[PDB]
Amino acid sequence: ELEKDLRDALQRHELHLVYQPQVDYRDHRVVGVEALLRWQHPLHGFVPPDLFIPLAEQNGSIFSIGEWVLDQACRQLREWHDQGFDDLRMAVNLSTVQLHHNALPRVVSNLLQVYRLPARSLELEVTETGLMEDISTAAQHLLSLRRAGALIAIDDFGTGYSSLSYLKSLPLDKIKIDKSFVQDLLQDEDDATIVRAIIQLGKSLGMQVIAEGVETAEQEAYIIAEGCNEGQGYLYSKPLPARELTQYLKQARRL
C-alpha cells in the first residue's frame, strides 16, 4: 500500500530532490533555493509529501530520510558556491519528528563543517505545528541549530497556531506566508488582509517575510507594494531538478 513501498524507496533510489528559487525584491536577484523532497514511484507517479512524510514519521524512518535530504542539499549548495554563487542560501524543511529528535543538532553541525558552508547559508524551515507539540524541546534544538550557523524560518505561516511571545523569543529569522493566502491574493480580500497582516507582523518583529505561491506579476506587484521582502513560486520557477536549476541560476546571475 506504499506504506510498505516507502520502505524500499531510498534504497531503490526513488526519492530525489527538486529545488525552487527565491527572489529578493530589493534587487530582484535569486538569493536562495528551497530543497523539496519527491518520491516518484515507477508504478504510482509522484506520492505527495503530505502523504508519505506522515508515513515516515510513524515508522521511524523520517530521521534517516531527513539525514539524506540534508546531506544532498548541503552538497548541492557547496557545488553552487564553488560555481561562483557563494552568497546563495539553501532551505530545507524539517518535519515535526525531526525537529524534536535530539540528534538533529549533531547532524546539521556535521554537514556545515563537512561542506565548509558559510554562516547563515543553511536555513531550516519548521511549521507552527512542529513548534507547538513541545515548545520547550523545539526551543532548545532551534537555539542549538542557530548556534551552529543555521538560520531558522517558519513555513506555512498563518495555517497553524502561534504565540507572539514565542515568535519573538525564538531564534527565528524569516516567516514564509502560506501559499494558500498568496495564490488567491487578487480574489479574496480576507486572504489579502491576512497576507498584509503577516507582512506587517514580520516587519513589526524584525523578521524577513517571503511570499510562497507567487504565480503572477500582478501578485508580485501587490506584495511588493505592501512591503514583502522575498518571493517564491511558479512566477519565478516551478521546482526543478538540480541540473535544470543550475542553468536557471547561471542565467539569472548572468547579467
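Numbering starts at 1 and runs along the sequence shown.
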Item to check | Residue stretch of maximal mean CA temperature factor, 179-187 vs 153-161 | outcome: 179-187
Checklist outcome for this item: Ranked by mean Cα B-factor in the entry, 162-170 and 102-110, top stretch is 162-170
Checklist entry - Of the choices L70, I223, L37, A56, which one's C-alpha carries the largest B-factor in the record? => result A56
Next on the checklist: Based on the deposited C-alpha B factors for this chain, I'd like to know if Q11 is in the lowest, middle or highest third.
Outcome noted: highest
Checklist entry - Lowest, middle or highest third of the chain for the C-alpha temperature factor of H41? => result highest
Item to check | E230 - Cα temperature factor, lowest/middle/highest third of chain | outcome: lowest
Checklist outcome for this item: Assert third(CA B-factor, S61) within chain per record equals highest
Checklist outcome for this item: Among the modelled residues of its chain, the C-alpha B-factor of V209 falls in the third labelled lowest
